[PDB]
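Presented below, as structure tokens, is a lone chain in the form deposited in one PDB entry.
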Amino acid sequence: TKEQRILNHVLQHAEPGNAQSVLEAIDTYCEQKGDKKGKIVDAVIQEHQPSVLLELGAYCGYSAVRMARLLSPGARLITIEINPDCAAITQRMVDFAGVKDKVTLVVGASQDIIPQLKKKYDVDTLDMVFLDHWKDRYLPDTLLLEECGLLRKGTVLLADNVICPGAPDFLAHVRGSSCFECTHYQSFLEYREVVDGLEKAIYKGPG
């Protein structure tokens, strides 16, 4: 019900068609139990201007709204979510936020969907990938994207929540590998304590 309660709060407080309003409403509700990380995500999207962006993990649609609102007209955000109920909520959130024309929601397991992206969603390569699904899928899905030929030179991976709860196996792989150039972004609580972070890993090719 929680995700449904997040949606219900947005519907009562946010302005229809105003993606920023929606983000702010979600942040206000969730705080009771992120905008700071938001600036990092926004900066990566604005620097790289991806035309085709794959999001792994949709949840309530917060990250889809955040990213989609900064995309160019014609850009595509393809979001994979394993839970149909979370997908239904994400669709309603992106609809309310006014960004639905950019978004393709796909329900299923990333393991099964990734190898079908080219054929079923007419993808050639991805410009960017946002990893925010189950932490222990970050590494296997990164390897799968590479194996499937979906990464090109300069494709940006941005992985959220890499410190808390953490995706250390992913971090060790992309940092150690010569195939990825990595940058760590710290997320601060009250501008004082580093409580989480994101990793940006740019693909350089298999070698």
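Only residues modelled in both forms are compared. Numbering starts at 1 and follows the sequence shown. We call the rigid core the largest set of C-alpha positions that still match within 1.5 Å between the two forms.
Below, we turn to the form deposited in another entry, even though it does not appear here.
Annotation for the pair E193/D42: C-alpha atoms approach each other in the other entry, by 3 Å or more compared with this form. Note on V195 and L158: their C-alpha atoms are more widely spaced in the other entry, a change of at least 3 Å from this conformation. In sequence order, the runs of three or more residues whose C-alphas all shift by 2 angstroms or more between this form and the one not shown, with the rigid core superposed, are 30-33, 188-207.
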